[PDB]
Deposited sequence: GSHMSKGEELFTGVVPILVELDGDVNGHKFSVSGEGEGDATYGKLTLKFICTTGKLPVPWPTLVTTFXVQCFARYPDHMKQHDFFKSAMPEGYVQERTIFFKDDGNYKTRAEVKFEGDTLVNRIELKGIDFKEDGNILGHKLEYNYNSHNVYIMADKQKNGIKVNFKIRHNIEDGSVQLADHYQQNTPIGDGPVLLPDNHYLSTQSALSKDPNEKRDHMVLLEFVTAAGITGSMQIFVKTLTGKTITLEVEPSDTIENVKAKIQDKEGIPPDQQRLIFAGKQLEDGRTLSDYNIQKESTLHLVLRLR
């Protein structure tokens, strides 16, 4: 989209959260930077009101999916950047199994050169002796797939995933996430086909920091839509077949796929595109061969 251009290079990020969990009020400020080319986010958060009353890992998902890396073949499915600069509202309900819930509302938008995430969080019905208010969660994080679908009647996306938080006893605390995002602006956005974000997070601490804090790193990559594409091949007798290939397929691997359909050994095949003989150790992309091009099989 047009919003994509705002993500070239490294973009500064500001995060602000006001929270109230079981009547315990708190605030957090964060700052860092995002590099969507690498799908990478680095953030540091400080609780400005004192001690955080919930475990830091429970707030990782709340604290900018516009920093995901969408592969080239999926760029038309990146809702998040397409909503910029005006941004989007991100709302969630997070159900902690056998415990309380968070409800969050956030605005993610550009303020000048800086991508800002401003959040209100309310938590209710937590057990005083449970994993959350009892601070029984390990300080670590797992990889999850974030499933995205368009809501084409409502101009946004619906998102769901299940977070697993590790506990020392070897149990896990599940946090079922339900999410919706809606653009703030009136211009059109990208309403995607179904896909997911493969999301990795690592939590660390700053030895010099005395305040209650979290350092967060995320790597986020879109997936779930095949990068394979069809090409056409004219066979020795002039019939047309299709192959399923990736741009990174070697000419050798293309010949292997032709053997599967036509029964001609690779070492007997010669492939021609636009009059040019194709050489085994090169790739389809090396030749700038696009989806639904035609190759010619000859002897």
Q: Report the unmodelled segments of the deposited sequence as residue ranges counted from 1.
A: 1 to 4, 68, 305 to 307
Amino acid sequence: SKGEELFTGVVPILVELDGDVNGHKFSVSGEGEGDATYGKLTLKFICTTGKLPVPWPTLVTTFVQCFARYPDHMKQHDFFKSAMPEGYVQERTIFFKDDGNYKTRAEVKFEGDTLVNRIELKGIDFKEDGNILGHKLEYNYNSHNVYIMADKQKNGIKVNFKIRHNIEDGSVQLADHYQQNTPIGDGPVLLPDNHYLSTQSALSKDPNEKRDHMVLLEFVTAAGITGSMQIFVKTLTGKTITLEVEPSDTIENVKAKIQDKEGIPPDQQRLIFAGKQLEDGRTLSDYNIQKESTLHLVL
From here on, numbers count along this sequence of modelled residues.
Q) Of 203 to 211 and 225 to 233, which one has the bigger average CA B-factor? A) 203 to 211
**Q.** Mean C-alpha temperature factor, higher of 21 to 29 and 277 to 285
**A.** 277 to 285
Q) For the listed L59, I46, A36, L271, which has the peak Cα B-factor recorded in the PDB entry? A) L271
(Q) Using only the C-alpha B-factors in the record, can you name which of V54, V254, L41, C66 has the highest? (A) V254
Q) Going by the entry, which third of its chain does the Cα temperature factor of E128 land in? A) highest
(Q) Splitting the chain's C-alpha B-factors into thirds, which one does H77 fall into? (A) middle
Q) If you rank every modelled residue in this chain by C-alpha B factor, which third holds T104: lowest, middle or highest? A) lowest
Q) In terms of the CA temperature factor given in the entry, to which third of its chain does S171 belong: lowest, middle or highest? A) highest
Q: Rank-wise, by C-alpha B-factor, drop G87 into the lowest, middle or highest third of its chain.
A: lowest
